[PDB]
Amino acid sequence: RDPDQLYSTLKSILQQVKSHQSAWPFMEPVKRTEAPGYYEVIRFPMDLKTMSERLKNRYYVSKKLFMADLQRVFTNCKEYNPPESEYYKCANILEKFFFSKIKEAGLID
């Protein structure tokens, strides 16, 4: 199906991103205990669990919307963290992986 081909492709892509070694910082909403003041600085939090739910809730009706949420995961991380932190490093490694999977899927608007 035309909306169900999108769903399948995104579910595949998201699952692969989630299984990647460098995804571990981004699997759930940042915990206050782990990052006090994070939620005062970061206005639009995002994480892969929230993305999983959004996907199951049929929110990702286009490539644009999926891309923006995943990209926000990376840009939040780069805004909050210093450039040579492990968190920043993971974000760029996983972003590379992300873009290779997007392209591998022939994913388009």
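Think of the rigid core as the biggest set of C-alphas that the two forms share within 1.5 Å after superposition. For every residue, the number given is its place in the sequence shown, counted from 1.
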Higher Cα RMS in 7 other deposited structures of this protein relative to the shown form (core alignment), 28-36 or 43-51, goes to 28-36
Quick note on 55-63 and 24-32: per-entry mean CA temperature factor is higher in 55-63
For 71-79 versus 33-41, entry-based mean Cα B-factors point to 33-41
Sorting the chain's modelled residues by C-alpha B-factor and splitting them into thirds places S19 in the middle
Sorting the chain's modelled residues by C-alpha B-factor and splitting them into thirds places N92 in the lowest
